[PDB]
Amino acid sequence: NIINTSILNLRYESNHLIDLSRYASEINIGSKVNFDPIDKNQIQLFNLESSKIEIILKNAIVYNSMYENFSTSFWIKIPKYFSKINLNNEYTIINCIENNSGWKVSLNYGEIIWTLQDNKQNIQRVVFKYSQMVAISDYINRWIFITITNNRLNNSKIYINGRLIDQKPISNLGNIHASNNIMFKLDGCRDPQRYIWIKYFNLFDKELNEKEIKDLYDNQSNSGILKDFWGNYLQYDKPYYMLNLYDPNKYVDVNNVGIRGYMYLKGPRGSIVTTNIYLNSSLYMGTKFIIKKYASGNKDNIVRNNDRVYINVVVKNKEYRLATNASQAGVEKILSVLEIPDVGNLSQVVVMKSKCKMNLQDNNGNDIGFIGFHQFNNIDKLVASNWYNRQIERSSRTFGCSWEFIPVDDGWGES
């Protein structure tokens, strides 16, 4: 009952951020903290003095020890670094240093850093490094799960998405006497535009093990809710650029609208670059998808596992309906986009599944198949194919039928 026994459990319930732990530490929120209205556990901190959260710890849990083990976890979503000003600029984001001793989380260009400091000028730093010179990044502007553990007799460890990345001995450190407060605030950042998103902060008064960490990752992933590429909840009525996970240098296009045209994967993507700062594939390419309410959605705008939907496709600034005639030859049913008034009795009902998958069905509820792609001669056409469904029934791996939904996001910054 690992979150339940945490010594600090910050969560947004009804109308307030609160510490749910038995300690009920005090929270002070600055004027310029922003909470996402879709999910107010998602907290945005700007490079402003009033964009801060302070936690006043109960005296019982202030860290002051040579020997006590402790850990912290949280999720973070860090916008792409765009500017030379971001190089060589380590900035604190979670501060628990007082009198030059304690702990802190800081960031730098392509880095997440944990620092410990004793009362005898000793220091230890574990670091996660990620590149901005990468076609498609797992990390830039995407939610990722951080976990840091500390065993005073041996090592400090940093985990990303449940996996151990770095470790260093901390037996070079004597007494660590951390602050009575924890300050969530960008401290020392030279770039006025910088911000972070954070969520689900916890402290623990032991060293978490690998298993506990993986289980926290899985539990906090919200697996009944589909996610977009950035890790935010997938929504209805929101345009998405599509990325097929088996061929990430292509985007979705449509040769011609109507039943005699088809959807296909076209490449290459272009690139976006700032010399010495980033070099990535362009994400805002192709014919956008919009998820439309059909049988689900009666409570909010969020797309959930097993929701039945329609998919609209934007072609030259007009919406069309993804559909197919399942009567066509062969298992692989080539997808088209149809004028919405003219879709008739074509197969168009999509069952969303949480990576994201889409199972096409006819109007009687029979499966046409998962949406993927199939090579016909020299073209990768989008299809619905029951071959995928039958491989899943046999517990066999399937390639080509998993998708990313990429909305425009300011933390990506592409035009």
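Residue numbers run from 1 along the displayed sequence.
Q: Does the chain run continuously from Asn47 to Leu48, or are deposited residues unmodelled in between? Answer none, 1 to 3, 4 to 9, or 10 or more.
A: Missing in between: none.
Q: In the PDB record, does 215-223 or 73-81 carry the higher mean Cα temperature factor?
A: Per the PDB entry, the higher value belongs to 215-223.
Q: Mean Cα B factor from the PDB record: higher for 26-34, or higher for 362-370?
A: Looking at the record's C-alpha B-factors, the answer is 362-370.
Q: Looking at the C-alpha B-factor values in the deposited entry, which of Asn276, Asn232, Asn122, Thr287 comes out highest?
A: Each of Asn276, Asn232, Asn122, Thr287 was compared by C-alpha B-factor; the highest is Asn276.
Q: Which one of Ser101, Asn95, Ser296, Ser137 shows the top CA temperature factor in the record?
A: If I rank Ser101, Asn95, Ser296, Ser137 by C-alpha B-factor, first place goes to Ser296.
Q: Which third, lowest, middle or highest, does the CA B-factor of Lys168 fall in along this chain?
A: CA B-factor rank for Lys168: middle third.
Q: Taking only the Cα B-factors deposited for this chain, tell me whether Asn89 sits in the lowest, middle or highest third.
A: For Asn89, the deposited C-alpha B-factor lands in the lowest third.
Q: What third of the chain, by the recorded C-alpha B-factor, contains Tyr310?
A: It falls in the middle third of the chain.
Q: Sorting the chain's CA B-factors, does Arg269 end up in the lowest, middle or highest third?
A: Tercile = highest for this residue's CA B-factor.
Q: Lowest, middle or highest third of the chain for the C-alpha temperature factor of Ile406?
A: Lowest third - that is where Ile406 ends up once the chain's C-alpha B-factors are sorted.
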